[PDB]
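Colleague: Please read through the structure below; I'll follow up with questions.
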């Protein structure tokens, strides 16, 4: 999955939206590890995240 | 305003979180925790709690829709199964939804609730 | 025109196979591989691939037949279950088949598709 | 790949989508274009962006409003271009007057008032003067726009508010037009996902709201309020939501705000016209658009028997056909009544509405009164405790 | 790869279970309602997510933690170029044997001038230093 962030949804909130179409969503740590996040809140709202399983 | 109802519902922080120099943080005791536990739920909307993603009454997703008997019956259904999930200590007993006589746009909901396990009136207002 | 969509769909050779002196063969990247993977399928007819015998859209086996509402509904059925077999990365979302206003014999099909797993618009045209 | 021989040859030309033709919600985009090639007509109808870019040029501020209008779900629109030159990167004060003087001109007032298909107008080029314009220049543009919606019956105007909060409160108070109920102002500029995701282009908000006005007209009719519906291609409002909490006034003029809900998208929040509530009935946007929907559909019934003998017969054919339509609108949930004499009423007789000279002058007088609904914008919980009335089984 | 072994431990669900056990032992009488409504837990859930945020930054790989920001860098990488194995393992020429290792190295292109930098063998085919 590729996801477009929008304005102050957290990583804890965005990793719950992956569970709609990923058969049990990715954890908010393992979502941050796959994208190579420097921080848990280190995403700009324009950035595209990727959620593989 | 007794110590018995504290043993059924516990002590927690009051929702206006005002801190005092004596006794620390103001504690909401037993019969008043369950009222304030309903005031927290109606005041937050789902998604803005940090990790508990679906916590809070979503009355925001149906407003700016016209007042009819089908919107009113959707509020009483939504406000009933939401207190069942996020309030185990308060059982609802009646919902009255009606639009106010003064201003026609606003409509006022009134939730009547009893506490579980106990039929003890509150003597007067307080905390 | 980012590196993220390459990770979902991969890099492949562009269907106009034009070779350059720098960077070798021109590579069709992630969002543009899936468009060109549809351009290869509509452009080949089944039987003229070498060992993959049944690969390609057979729109040749129903042409020179008269334009009616029964031919149009047979194109939208054929063009739907063919993209399902030979294009796993692009999901179809609408087919519009109509005959052109200028020349009455030719009819123009329009396939609207989204890519799977991603809702990311393309910014402007290119590659 | 033989393109002249008969076969299956793929082309790059984009053909049009099957239009649904929503009749009661269709916008004009009156702005500066770079090409201006159309030589037959005044204002032309576009259907897609790829049809627009061939027909009005590329890379301007009015294109990104059309491109964002076709992303949120709008399917047909008109474009009336201004004939003057396209402005600079920033708008100079000598040039920003040339736009508002072209909005008061009869060259753009005759194209709108002559076409009679458009139901709401909007300028996406008013947010171009949001930088380096200098406060009253915004109000000189709003008073031009609300006057432009007076040329013919069914017209509305969606209009841009200034991003600066002091400038917004001043232009709300110092407007002073007598036609304020035909407008609606949506405050923040949207940062869409078009280049120059890192620096998305800042955009007028009204191009997205005209698509969701058209989108809520398709399913829930004109009587439904266009607020609380998600916007497609936007990242964020460029101003914070908490900075604009003084824009809503329940007693004064209230300005519609675009909110960002976490987990729920970017949403329109508020359906209010520009209005100072001294017992006004056209307070909400949906009330002004419903009452102008029943004028523009009772004129289509009353046009059918102009030049008729004006006896007692052709009134009962008018009192019968309009009663049968208003009841058909009332039974769709449109008019706030428990019975039909509570929802609406019409009167037409020779001793009720008209005099004996008005029959001799040749006029019919029909008096349509109709009730409307309220949008439920505030909700108040009460939370009372009720073991008092359990009443010992 | 410190992240994959600690991944179950630096977590909101397991740091919160640590935090409830401090409350349930020490303040079980005065603070008896730890449900998801009260302001006491929501302050704690804000903090125990901030600690899970803070402890995630420790599990980044050590080459990416130790690099500074690109505005301020000493010229070569993580350890300075004086600290490479060419200077940390090698010792000075003190023996007659590594006098021979050093004198055998000298070469015509190492000269600062002359002979158009292409000609030349090493300067000495053998040397012998002795008392």
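Colleague: Hey, what D do you get for the range D:12-117 in µm²/s if you plug the Kirkwood alpha-carbon radius into Stokes-Einstein at 10 °C and 1.306 mPa s?
Modeller: Working: Rh = 14.9 Å.
After rounding, the answer is 107 µm²/s.
Colleague: Also, quick follow-up: So, in Å, what gap is there between the alpha-carbon centers of the range B:108-127 and the range D:359-388?
Modeller: 35
Colleague: Could you tell me whether the range E:86-131 comes out rounded, prolate or oblate from its Cα gyration tensor? Rule is a ≥ b ≥ c as square roots of the eigenvalues, rounded for a/c under 1.5, then prolate if a/b exceeds b/c, otherwise oblate.
Modeller: Numbers: a/c = 3.24, a/b = 1.60, b/c = 2.03.
It comes out oblate by the Cα gyration axes.
Colleague: Computed FRET efficiency, Cβ-Cβ of residue B:84 and residue D:136, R0 60 Å: what is it to the nearest 0.05?
Modeller: Efficiency, rounded to the nearest 0.05: 0.60.
Colleague: If you don't mind, another one. Suppose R0 equals 56 Å. What FRET efficiency, 1/(1 + (r/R0)^6) with r the Cβ-Cβ distance, do residue D:95 and residue D:22 give to the nearest 0.05?
Modeller: On the way: r = 36 Å, r/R0 = 0.64.
That pair, residue D:95 with residue D:22, gives E of 0.95.
Colleague: While we're looking at this one, here's another question. From Cα pairs below 8 angstrom and at least 6 apart in sequence, can you work out the relative contact order of the range D:1-120, rounded to a whole percent? Intermediate results must be reported in sequence, preceding the final value.
Modeller: On the way: 120 pairs, mean separation 42.5, N = 120.
In percent, rounded to a whole number, it is 35.
Colleague: Quick one: grab the alpha carbon gyration tensor of the range C:36-101, order the square roots of its eigenvalues as a ≥ b ≥ c, and give me rounded if a/c is under 1.5, else prolate or oblate depending on whether a/b is larger than b/c. Before the final figure, lay out each step's value.
Modeller: Values: a/c = 2.21, a/b = 1.40, b/c = 1.58.
Oblate.
Colleague: Just want to confirm a number: the relative contact order over the range B:32-127, from Cα pairs under 8 angstrom separated by 6+ residues, in percent.
Modeller: The normalised contact order for the range B:32-127 reaches 19 percent.
Colleague: Mind checking the angle between helix E:12-26 and chain E's longest principal axis? C-alpha axes, 0 to 90 degrees, to the nearest 10.
Modeller: Tilt relative to chain E: about 50 degrees.
Colleague: What does the helix-only formula give at 222 nm for chain D: each DSSP H stretch with n ≥ 4 adding -39500 (n - 2.57), the total divided by the residues, and the result rounded to the nearest 500 deg cm²/dmol?
Modeller: On the way: 13 runs with 113 residues, N = 393.
Mean residue ellipticity, 222 nm, calculated: -8000 deg cm²/dmol.
Colleague: Follow-up question, since we're still on this one. Treat each spin label as a single point 7 Å out from the Cα along the C-beta direction, and report the residue E:75 to residue D:332 distance in nm.
Modeller: So the label points at residue E:75 and residue D:332 sit 7.9 nm apart.
Colleague: Ok, one more. Using the eigenvalues of the Cα gyration tensor, what equivalent ellipsoid semi-axes result for the protein assembly as shown when each is taken as the square root of five times the eigenvalue, whole Å, largest first? Walk me through the numbers before you get to the answer.
Modeller: Working: eigenvalues 690, 425, 167 Å².
In descending order, the three semi-axes are 59, 46, 29 Å.
Colleague: How far is the Cα center of the range C:9-83 from the Cα center of the range B:74-89, in Å?
Modeller: 54
Colleague: If you don't mind, there's one more thing I want to ask. Could you check the spin-label model distance between residue C:50 and residue C:99? Points 7 Å from the Cα along Cα→Cβ, value in nm.
Modeller: 4.2
Colleague: Would you give the gap between the C-alpha center of the range A:26-53 and the C-alpha center of the range D:214-228, rounded to a whole Å?
Modeller: 37
Colleague: Using a label point 7 Å beyond Cα on the Cα-Cβ vector, give me the inter-copy distances for residue B:70 in nanometres, one decimal, shortest first.
Modeller: Computed spacing set for this position: 4.1 nm.
Colleague: Binning at 10 angstrom from zero up to the longest distance, how are the C-alpha pair distances of the range E:9-63 distributed in percent?
Modeller: 23, 46, 21, 8, 2
Colleague: Then there is this: Can you figure out the FRET efficiency of residue D:319 with residue B:74, using R₀ = 41 Å and their beta-carbon distance, to the nearest 0.05? Don't skip to the answer; put the middle values down first.
Modeller: Values: r = 38 Å, r/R0 = 0.92.
Result of the calculation: an efficiency of 0.65.
Colleague: In whole Å, what are the extents of chain B along the principal axes defined by its C-alpha atoms, from largest to smallest?
Modeller: 49, 35, 29
Colleague: Can you pull the one-decimal nm distance between simple spin-label points at residue D:106 and residue E:67, each 7 Å off the Cα toward Cβ?
Modeller: Between residue D:106 and residue E:67, the simple spin-label model gives 7.0 nm.
Colleague: Something else now. Between the helical axis of E:39-56 and the dominant principal axis of chain E, each derived from Cα atoms, what acute angle in degrees is found, rounded to the nearest 10?
Modeller: Taking the Cα atoms of chain E, the angle to E:39-56 is about 20 degrees.
Colleague: Could you work out, residue by residue across D:261-270, how many beta carbons of other chains sit within 10 Å of that residue's beta carbon, and then give the average as an integer? Intermediate results must be reported in sequence, preceding the final value.
Modeller: Details: counts 10, 13, 13, 8, 3, 2, 3, 1, 3, 1.
What the average comes to for D:261-270 is 6.
Colleague: Taking the mean number of other Cβ atoms within 10 Å as a proxy for protection, how do you rank E:9-20, E:69-80, D:58-69 from highest to lowest?
Modeller: On the way: E:9-20: 14.9, E:69-80: 8.8, D:58-69: 20.7.
Output ranking for E:9-20, E:69-80, D:58-69: D:58-69, E:9-20, E:69-80.
Colleague: Once you average over the residues of B:102-115, how many Cβ atoms of partner chains fall within 10 Å of each Cβ?
Modeller: So the per-residue partner count for this stretch is 5.
Colleague: For the Cα atoms of chain B, what angle does the longest principal axis make with the long axis of helix B:69-86, in degrees from 0 to 90, nearest 10?
Modeller: 30
Colleague: Related question: Quick one: with label points 7 Å out along Cα→Cβ, list the inter-copy distances for residue B:19 in nm, shortest first?
Modeller: 7.4
Colleague: Also, I was wondering about something else. List the relative contact order of chain A as a percent without decimals, with contacts defined as Cα pairs under 8 Å and 6+ residues apart.
Modeller: Values: 63 pairs, mean separation 27.4, N = 53.
Across chain A, relative contact order equals 52 percent.
Colleague: Separate question: At 7 angstrom along the Cα-to-beta-carbon line, where would the label on residue B:102 sit relative to the other copies? Give the distances in nm, shortest first.
Modeller: 6.8
Colleague: Sorted by packing (mean other beta-carbon atoms within 10 Å per residue), highest first, where do B:78-86, D:149-157 land? Before the final figure, lay out the partial values.
Modeller: Details: B:78-86: 15.1, D:149-157: 17.0.
Listed from highest to lowest mean packing, they are D:149-157, B:78-86.
Cβ sites come from the backbone with ideal geometry, for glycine too, and all protein chains shown count toward neighbours. No lab work stands behind these numbers, since they all come straight from the coordinates.
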